[PDB]
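Protein chains in written order, with our numbering: chain F, 34 to 312; chain B, 2 to 284. First comes the structure, then the notes that go with it.
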Ligand SMILES: [Mn+2]
Ligand SMILES: [Mn+2]
Ligand SMILES: [Mn+2]
Ligand SMILES: [Mn+2]
């Protein structure tokens, strides 16, 4: 059973969320199996940002046991701005554990390097998830956002327990049940950084969302890169783990060094984050 | 100064918010001046629902001092559903105090009776307001939603303190600074009840948002209806509680009313059912 250990108050710099497996903290990056069901291609997803929120929370490669913390830009906490007609993130946003986009690898079709982070996942189910949640999702497709010369893949997935999960099998089904969701997703990733002074993002494949088969190839590749990394002969990435004995960095002691859950009430978010930008 | 007196926990049947003027509760419906600045046409708006929320909160006509409380349907709390691509209400939603849409009267250009409530206001500024807040806004235009045979006017306004306020003077300016906002507003009011089993709503004037001048005419009219209402001169007042504490010349004036309202009993927001999360794709 996976649980979360919050330390600090949300919307502050002290905020950290650790994932626990049966009460013991494990690495959010390395210790959660990519597959919940390997033969059926059911994956485990680590949710970082709940739908309709603004705080840019993400798994930290830099810290031990890789807890989820809020991104900062030179001491200032990072929030994504509201871009009409959207409110914060429009999907439960997260990543697939045990995956890594090797920045040394260049994809032939996209012609851009990996982004050095676990592959990104957009979960489109009805329920709003919580930070640090481990959901089991089925992959349906994948888009390729080009950002700063790196291939920023975004897997489209859905919680297997969503009442519609059984009806959705491939990318085409998303447009059947969530008409317009893909166009909005495309729009969102093209403009979300504009309020930050950045220019619009480009999409590979002319913005086409590739299907499940294609998605699965890219996922396996990033899983392999991660295996290469976590294994003996492979940066700044902390590779400490507590569930993989065959790895140079394995360490059960790591779990116990984690300070206890220190749940505090959410700190207020600045009123400027309310603003709706019309781009 | 205007403050709010919360009683109960948000998202519960016990929830109530009273507006206070210098510490004493006043009627949200009758006691707040329609005009903040009569000369320049700056109005006072009572905010009921903050942008991006779902709870259908509104000034209750059938209770003393007319506090804001959550609408209910079949003994259950009422929430508007999320309709793609929108999240809850897309504007800070509220009403103009001292206005009333007389239900025993049909407007000439829309041919339907009034909806029996203060005129509705859509405040489009950047800051998210809070329930029971009294903002000063300038009117820019007005739309006419036809719902159940009643003219449901929606005034388009903006907080006088908004960074872009002076740039906005008439309905055409909204489309210049908030492109697409008006089309989304139309879309939203046409479909928001569909998830509830209701059919889509119709729009008078082919969905055209009338300009400022037109808006001011309708506002004046509803203010007059209210004056005839609060003076005891309405043919049918509809069970509306007319108790007030600031208008001595009215039959229902009563200073004593203020003191009878129970003290602020702030409690932490009750949780909202997960089903409210659902995004409906109505195409
Ligand atoms: Mn990521
Ligand atoms: Mn990425
Ligand atoms: Mn109303
Ligand atoms: Mn109305």
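Cβ coordinates follow ideal geometry from the N, Cα and C atoms, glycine included.
What's the C-alpha gap between residue i and residue j?
| i | j | result |
| --- | --- | --- |
| residue 103 of chain B | residue 226 of chain B | 6 Å |
| residue 155 of chain B | residue 211 of chain B | 10 Å |
| residue 102 of chain F | residue 294 of chain F | 15 Å |
| residue 40 of chain B | residue 98 of chain B | 18 Å |
| residue 264 of chain F | residue 284 of chain F | 14 Å |
| residue 245 of chain F | residue 254 of chain F | 14 Å |
| residue 228 of chain B | residue 307 of chain F | 37 Å |
| residue 143 of chain B | residue 191 of chain B | 15 Å |
| residue 216 of chain F | residue 34 of chain B | 46 Å |
| residue 240 of chain B | residue 117 of chain B | 11 Å |
| residue 206 of chain B | residue 109 of chain B | 12 Å |
| residue 229 of chain F | residue 267 of chain B | 38 Å |
| residue 1 of chain B | residue 215 of chain B | Within the shown structure, residues of chain B are numbered from 2 to 284, placing residue 1 of chain B beyond reach of any answer. |
| residue 41 of chain F | residue 284 of chain B | 43 Å |
| residue 177 of chain F | residue 218 of chain F | 12 Å |
| residue 258 of chain B | residue 80 of chain F | 52 Å |
| residue 55 of chain B | residue 128 of chain B | 17 Å |
| residue 281 of chain F | residue 58 of chain F | 19 Å |
Closer than 8 Å, CB to CB, is residue i near chain B or not?
| i | result |
| --- | --- |
| residue 307 of chain F | yes |
| residue 228 of chain F | no |
| residue 297 of chain F | no |
Can you give me the Cβ contacts of residue i inside the same chain, cut-off strictly under 7 Å, excluding the 5 residues immediately before and after it?
| i | result |
| --- | --- |
| residue 34 of chain F | 55 |
| residue 113 of chain B | 107, 147, 150, 151 and 152 |
| residue 1 of chain B | Nothing about residue 1 of chain B can be reported from this structure: the residues present for chain B run from 2 to 284 only. |
| residue 242 of chain B | 62, 63, 64, 65 and 67 |
| residue 72 of chain B | 57, 59 and 79 |
| residue 211 of chain F | 157 |
| residue 292 of chain F | 40 |
| residue 298 of chain F | 42 |
| residue 217 of chain B | 42 and 140 |
Shortest alpha-carbon distance to residue i belongs to which of the options?
| i | options | result |
| --- | --- | --- |
| residue 181 of chain F | F:49, F:234, F:195 and F:140 | F:234 |
| residue 206 of chain F | F:237, F:221, F:251 and F:189 | F:189 |
| residue 114 of chain F | F:85, F:96, F:101 and F:132 | F:85 |
| residue 152 of chain B | B:131, B:25, B:18 and B:101 | B:101 |
| residue 230 of chain B | B:216, B:250 and B:214 | B:250 |
| residue 46 of chain B | B:31, B:56 and B:57 | B:31 |
| residue 170 of chain F | F:203, F:301 and F:103 | F:203 |
| residue 47 of chain F | F:108, F:269, F:120 and F:125 | F:108 |
| residue 69 of chain F | F:193, F:144, F:223 and F:213 | F:193 |
| residue 290 of chain F | F:268, F:60 and F:191 | F:60 |
| residue 194 of chain B | B:281, B:96 and B:92 | B:281 |
| residue 162 of chain F | F:149, F:154, F:126 and F:153 | F:126 |
| residue 126 of chain B | B:89, B:164 and B:10 | B:164 |
| residue 82 of chain F | F:256, F:122 and F:304 | F:122 |
| residue 141 of chain B | B:44, B:271, B:263 and B:181 | B:44 |
| residue 219 of chain B | B:48, B:26, B:115 and B:25 | B:115 |
| residue 105 of chain B | B:284, B:238, B:145 and B:48 | B:238 |
Any beta carbon from chain F within less than 8 Å of residue i's own beta carbon?
| i | result |
| --- | --- |
| residue 129 of chain B | yes |
| residue 286 of chain B | The structure shown has nothing for residue 286 of chain B, since chain B only spans 2 to 284. |
| residue 155 of chain B | no |
| residue 275 of chain B | yes |
Leaving out the 5 sequence neighbours to the left and right, which residues in its chain are closer than 6 Å to residue i when beta-carbon positions are compared?
| i | result |
| --- | --- |
| residue 133 of chain B | 5, 18, 20 and 69 |
| residue 123 of chain B | 92, 155 and 157 |
| residue 166 of chain B | 159 |
Would residue i pass as an interface residue toward chain C - the criterion being a Cβ-Cβ separation below 8 Å?
| i | result |
| --- | --- |
| residue 198 of chain B | No chain C appears in the structure shown, which is made up of the protein chains F and B. |
Whose C-beta lies closer than 8 Å to the C-beta of residue i among residues of the same chain, with five residues either side of it excluded?
| i | result |
| --- | --- |
| residue 208 of chain F | 214 and 215 |
| residue 204 of chain B | 144, 145, 146, 147, 187, 190 and 191 |
Taking beta-carbon pairs under 9 Å, can you tell me which members of the region 204-222 of chain F lie near chain B?
210, 211, 212, 213, 214 and 217
Between the region 114-129 of chain F and chain B, which residues of the former have CB atoms less than 7 Å from a CB of the latter, in chain order?
117, 118, 119 and 120
Using Cβ-Cβ distances below 9 Å, what residues of the region 51-63 of chain B are close to chain F?
52 and 53
So which residues put a beta carbon under 6 Å from any heavy atom of ligand 5, going in chain order?
Among the ligands in the structure shown, ligand 5 does not appear; only ligand 1, ligand 2, ligand 3 and ligand 4 can be found there.
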